[PDB]
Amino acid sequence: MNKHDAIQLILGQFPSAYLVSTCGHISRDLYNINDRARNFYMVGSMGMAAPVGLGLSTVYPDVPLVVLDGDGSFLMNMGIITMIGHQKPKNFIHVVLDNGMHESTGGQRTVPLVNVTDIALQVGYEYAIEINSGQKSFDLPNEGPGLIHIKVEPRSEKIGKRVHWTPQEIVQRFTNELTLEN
């Protein structure tokens, strides 16, 4: 699987959820595939996707929320998982696009991410499913927190287009849709 198909899969499974994407090529690819007001692109501050997501799911617990992490972003601030397992937000979804490298940087090898599903289940995640290349779909429980491990092959497509939204515009649209939904 490539990142394009994985992002399209995640967007198809939850087309009515708010997403927080980590910095680098993941946010760029998400913005290029589908630009949504419910998408919060973190242009910088790597490793903060999951903390911001936990705060959002703390204030708005009923809303479904997806964190779009990579293997490098997940690993950099791994300890946050404990807090998530401690908070156990029922509608928190943790996606990890694992390509085994810092791709948005040049393809440098990351620390190998092993048995992510099991340790996710240990810290307090209600379910942690793994995805091999070619899985059409899967039915997931409506009660989280959840962890989705999608091992994606290195990209062959073009880098895409950088997100043109000013960070202030990103927070404006995100907050406005959050207020309009409830």
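Numbers follow the displayed sequence, beginning with 1.
When the mean C-alpha temperature factors of 136-144 and 36-44 are read from the deposited coordinates, 136-144 comes out higher.
As the entry records it, the average C-alpha temperature factor is higher for 120-128, out of 120-128 and 48-56.
You'll see in the entry that, of 20, 17, 163, 23, the Cα B factor peaks at 17.
In the deposited entry, the Cα temperature factor of residue 102 sits in the bottom third of values across the chain's modelled residues.
Annotation for residue 91: CA B-factor lies in the highest third of the chain's modelled residues. Ranked against the other modelled residues of its chain, the C-alpha B-factor of residue 157 as given in the entry falls in the highest third. Residue 11: CA B factor lies in the highest third for its chain, per the PDB record.
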